[PDB]
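Engineer: Before anything else, here's the structure in question.
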Amino acid sequence: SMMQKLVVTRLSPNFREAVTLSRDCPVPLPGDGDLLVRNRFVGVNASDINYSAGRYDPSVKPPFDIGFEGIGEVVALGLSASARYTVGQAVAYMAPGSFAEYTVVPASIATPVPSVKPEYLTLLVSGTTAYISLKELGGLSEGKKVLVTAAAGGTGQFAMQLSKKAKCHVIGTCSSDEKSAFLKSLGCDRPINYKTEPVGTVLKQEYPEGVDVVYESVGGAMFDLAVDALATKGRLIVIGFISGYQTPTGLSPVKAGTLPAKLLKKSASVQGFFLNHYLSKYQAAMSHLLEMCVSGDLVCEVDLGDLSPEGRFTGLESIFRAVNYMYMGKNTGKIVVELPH
Ligand SMILES: NC(=O)c1ccc[n+]([C@@H]2O[C@H](COP(=O)([O-])OP(=O)(O)OC[C@H]3O[C@@H](n4cnc5c(N)ncnc54)[C@H](OP(=O)(O)O)[C@@H]3O)[C@@H](O)[C@H]2O)c1
Ligand SMILES: O=C(O)Cc1ccccc1Nc1c(Cl)cccc1Cl
Ligand SMILES: O=C(O)Cc1ccccc1Nc1c(Cl)cccc1Cl
Ligand SMILES: O=C(O)Cc1ccccc1Nc1c(Cl)cccc1Cl
Ligand SMILES: O=C(O)Cc1ccccc1Nc1c(Cl)cccc1Cl
Ligand SMILES: [Cl-]
Ligand SMILES: [Cl-]
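When the sequence shown is numbered by the deposited numbering, its final residue is 371 and no position is left out of the sequence of numbers.
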């Protein structure tokens with residue numbers, strides 16, 4: 031009858047100062063074409079703080095719901111939705127407002143899943159971003175050199191593995207030796223701990239002809255190193271720039287004043303990617319990722335905070351700590367929060 035959810039009550043990139051936990055919210059009811067899903071796991075995404083800052087659509091004022099992805103059980107549904115779905119069914123979804131005990135989701139956008147496991151949730155946003163961007167914009171083929179930044183993170187783990195499956199030589203940046211050991215276990219050809227080894231020098235010395243593709247999630251100084259490291263006809267994919275999101279504008283400073291000259295001289299490109307412009311590819315990407323995940327052909331690493339200071343991310347209240355965990359760069363794999371029941 032009543033539930034908890036997170037609500038953006040003031041616009042800010044500081045998630046804690048933007049987002050309030052409301053305790054006595056009515057449970058929303060599904061319409062004819064809708065599922066009501068009881069969330070068991072929810073995904074934490076770097077851009078949750080871009081969302082809370084109001085950067086997705088600056089015309090929209092608080093209050094609004096938050097959280098982009100969920101997995102759980104159908105506990106109620108509209109009559110039309112009941113032709114494809116049934117009460118008790120395990121479903122996952124990408125839609126705003128997953129940070130709630132219950133979320134209304136139109137049946138048309140639900141993804142049926144084998145059971146309610148956090149591994150499947152890693153595929154929804156993190157997996158599909160890596161898959162679709164690389165398939166559509168990567169031009170991957172055997173022997174290409176691929177550099178992945180935030181490689182041990184939520185989407186990075188997939189960009190790594192998909193590039194390896196495309197028979198590419200893959201370099202991955204991360205911030206610790208434990209993350210480097212994880213990258214290695216995924217088949218990474220050259221893991222780099224950027225805190226202990228200078229990435230620019232590694233690339234100049236070991237990849238003098240440059241890299242063919244960059245999956246670039248970090249921005250700032252890493253973006254700059256990436257541009258310099260591009261091969262002739264190289265492609266830098268701008269997936270994100272997380273080093274900037276906490277700032278007031280959300281941007282990360284770059285020394286890009288000579289970027290056009292660099293790109294002309296190399297016949298190289300900088301290509302942006304936004305998931306929501308490629309939704310026509312989503313179902314097929316999800317289907318392929320799910321098959322690999324269920325068959326054990328894809329590592330879907332989940333970080334539920336079990337080794338964080340206050341331990342497992344349980345409950346909506348832990349989302350605040352989970353966002354901090356990401357922004358301290360502590361996670362290995364996809365950060366997920368559990369709503370126990
Ligand atoms: N374009 C799209 O449609 C789309 C969709 C989804 C996600 N993305 C992008 O994918 C990237 C990763 O998102 P995610 O949600 O999967 O997170 P994640 O990679 O699981 O976590 C972020 C990681 O980035 C590094 N990092 C954290 N804060 C940093 C900082 N202030 N400066 C530099 N590096 C920092 C850390 O790894 P290290 O150990 O490597 O430092 C941290 O583990 C983001 O840029 C996100 O916006 C884009
Ligand atoms: O907006 C909707 O109706 C749900 C929906 C469906 C498919 C893809 C994206 C979205 N929503 C959405 C939006 Cl509008 C912004 C940021 C993140 C997400 Cl998941
Ligand atoms: O199917 C399409 O035409 C693209 C599209 C546009 C808006 C919202 C969703 C979708 N596709 C879609 C579907 Cl059909 C199921 C699950 C997830 C997504 Cl993103
Ligand atoms: O470019 C290609 O065709 C290879 C390619 C690139 C990016 C993403 C996926 C794929 N292929 C691919 C496919 Cl189609 C399914 C499962 C795993 C992989 Cl690596
Ligand atoms: O994630 C990013 O870096 C880009 C971005 C910016 C603002 C709002 C959403 C998104 N990405 C995004 C989208 Cl477009 C759909 C579902 C889930 C996510 Cl995390
Ligand atoms: Cl649709
Ligand atoms: Cl760096």
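We treat Cβ as the ideally placed atom computed from N, Cα and C, and that holds for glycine.
In the stretch 124 to 165, which residue ranges form an unbroken beta strand (DSSP E) of at least 3 residues, counting only runs that do not cross its ends?
Structural biologist: Fully enclosed beta strand (DSSP E) runs of 3 or longer: 132 to 136.
Engineer: So what does DSSP say about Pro290, is it helix, strand or coil?
Structural biologist: Helix, per DSSP.
Engineer: Would a C-beta distance cut-off of 8 Å place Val176 and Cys198 closer than the cut-off?
Structural biologist: Result yes, Cβ atoms of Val176 and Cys198 sit closer than 8 Å.
Engineer: To the nearest angstrom, report how far apart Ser77 and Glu47 are at their CA atoms.
Structural biologist: Each residue's Cα considered, the two are about 16 Å apart.
Engineer: Please list, following the chain, all residues that have a C-beta closer than 5 Å to any non-hydrogen atom of ligand 5.
Structural biologist: Residues with a Cβ closer than 5 Å to any heavy atom of ligand 5, in chain order: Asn75, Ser77, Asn80, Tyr86, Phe98, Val155, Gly270, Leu305 and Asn306.
Engineer: When the Cα of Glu166 is compared with those of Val284, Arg114, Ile267 and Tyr150, which residue comes out closest?
Structural biologist: Residue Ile267 is the option with its Cα nearest to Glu166.
Engineer: Return the chain-ordered list of same chain residues with a C-beta closer than 6 Å to the C-beta of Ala106, the five sequence neighbours on each side being excluded.
Structural biologist: Result list for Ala106: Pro60 and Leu66, in chain order.
Engineer: Any contact between the stretch 299 to 307 and the stretch 337 to 353? By contact I mean 3 or more CB pairs, one from each, below 8 Å.
Structural biologist: No, because fewer than three Cβ pairs between the stretch 299 to 307 and the stretch 337 to 353 fall closer than 8 Å, the two stretches do not touch.
Engineer: In whole angstroms, give me the CA-to-CA distance for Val257 and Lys292.
Structural biologist: The alpha-carbon atoms of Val257 and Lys292 are separated by roughly 8 Å.
Engineer: Going by DSSP, what residue range makes up the alpha helix (DSSP H) through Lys194?
Structural biologist: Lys194 -> alpha helix (DSSP H) spans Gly186 to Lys195.
Engineer: Please confirm whether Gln187 and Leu151 have their CB atoms less than 8 Å apart.
Structural biologist: Against a cut-off of 8 Å, the Cβ pair of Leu151 and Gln187 comes out as no contact.
Engineer: Can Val332 and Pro148 be called in contact, C-beta distance under 8 Å?
Structural biologist: Yes. Within cutoff.
Engineer: How would you write the range of the alpha helix (DSSP H) that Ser82 sits in, first residue to last?
Structural biologist: Taken as a continuous stretch (DSSP letters only), the alpha helix (DSSP H) holding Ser82 covers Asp78 to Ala83.
Engineer: Using 8 Å as the threshold, is the stretch 41 to 57 in touch with the stretch 232 to 250, meaning 3 or more CB pairs across them?
Structural biologist: The answer is no - the stretch 232 to 250 does not touch the stretch 41 to 57, with fewer than three Cβ pairs under 8 Å.
Engineer: To which residues does DSSP link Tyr245 through a beta bridge?
Structural biologist: The partner list for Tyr245 (beta bridge, DSSP) reads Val178 and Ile267.
Engineer: If we count Cβ pairs, one from each stretch, closer than 8 Å, do we get three or more for the stretch 84 to 93 versus the stretch 114 to 125?
Structural biologist: No, because fewer than three Cβ pairs between the stretch 84 to 93 and the stretch 114 to 125 fall closer than 8 Å, the two stretches do not touch.
Engineer: Could you please give the first and the last residue of the uninterrupted beta strand (DSSP E) stretch that includes residue 375?
Structural biologist: Residue 375 lies beyond the stretch modelled for the chain, which goes from 31 to 371, so this question has no answer here.
Engineer: From what residue to what residue does the alpha helix (DSSP H) around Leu59 run?
Structural biologist: First-last for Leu59: undefined, no H or E at that position.
Engineer: Looking at the secondary structure, which residues open and close the beta strand (DSSP E) in which residue 1 lies?
Structural biologist: For residue 1 there is no data in the structure shown, the boundaries of the chain being 31 and 371.
Engineer: Are the beta-carbon atoms belonging to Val146 and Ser82 less than 8 Å from one another?
Structural biologist: No. Outside cutoff.
Engineer: Regarding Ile365 and ligand 6, is the C-beta to nearest heavy atom distance less than 7 Å?
Structural biologist: Not under cutoff, so the answer is no.
Engineer: Just curious, the beta strand (DSSP E) that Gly73 is in, first and last residue?
Structural biologist: It spans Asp64 to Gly73 - the beta strand (DSSP E) in which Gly73 sits, taken as one unbroken run.
Engineer: For the alpha helix (DSSP H) containing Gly250, name the first residue and the last one.
Structural biologist: Here the alpha helix (DSSP H) through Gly250 covers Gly250 to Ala259.
Engineer: Nearest by alpha-carbon distance to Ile139: which of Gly363, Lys195, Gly63 and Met322 is it?
Structural biologist: Measuring from the Cα of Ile139, the nearest candidate turns out to be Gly63.
Engineer: Does the distance between the C-beta of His318 and the nearest non-hydrogen atom of ligand 4 fall short of 7 Å?
Structural biologist: Checking every heavy atom of ligand 4 against the Cβ of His318, one is found closer than 7 Å.
Engineer: Which partner residues does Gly183 have in the DSSP bridge list?
Structural biologist: Answer by DSSP bridge pairing, in chain order: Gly363.
Engineer: My understanding is that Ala130 touches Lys35, with C-beta atoms under 8 Å, so please give their C-beta distance in whole angstroms.
Structural biologist: Yes, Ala130 and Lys35 are in contact; Cβ-Cβ is about 4 Å, under 8 Å.
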